[PDB]
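Enquirer: got an experimental structure here, sequence first:
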Amino acid sequence: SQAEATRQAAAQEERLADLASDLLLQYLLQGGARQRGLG
């Protein structure tokens, strides 16, 4: 039942996570990296 659309949606969501996590994790590291950097 609409496997085609379901497929692209199943992947588009998976790949998205990889990106969403990229900036996410960066928010943490960047936070301390900027703080400690100054000093």
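Expert: Cool, the structure landed. Numbers count the residues shown, from 1 in each chain.

Enquirer: going along the chain, name the helices of this structure.
Expert: 3-37 (DSSP state H).

Enquirer: residue nearest the centroid of it?
Expert: Taking Cα atoms, centre = their mean, the centroid of the chain lies closest to residue 20, which sits 1.8 Å from it.

Enquirer: tell me the spacing between that residue and residue 13.
Expert: 10 Å (Cβ to Cβ, to the nearest Å). C-beta here means a position set from N, CA and C on the backbone, and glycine is covered the same way.

Enquirer: how close does the residue nearest to the centre of the chain get to residue 39?
Expert: According to Cβ to Cβ, residue 20 and residue 39 sit 31 Å apart.

Enquirer: before we move on, what about residue 27?
Expert: 21 Å.

Enquirer: compare these two (neighbour count), which wins?
Expert: The neighbour comparison of residue 27 against residue 39 (other Cβ atoms under 10 Å) goes to residue 27, with 9 against 4.

Enquirer: now do the same contact list for the more buried one.
Expert: By Cβ atoms under 8 Å, 6 or more residues apart in numbering, the contact set of residue 27 is empty.

Enquirer: how much space between it and residue 17?
Expert: Where residue 17 is concerned, residue 27 sits at a distance of 15 Å (Cβ to Cβ).
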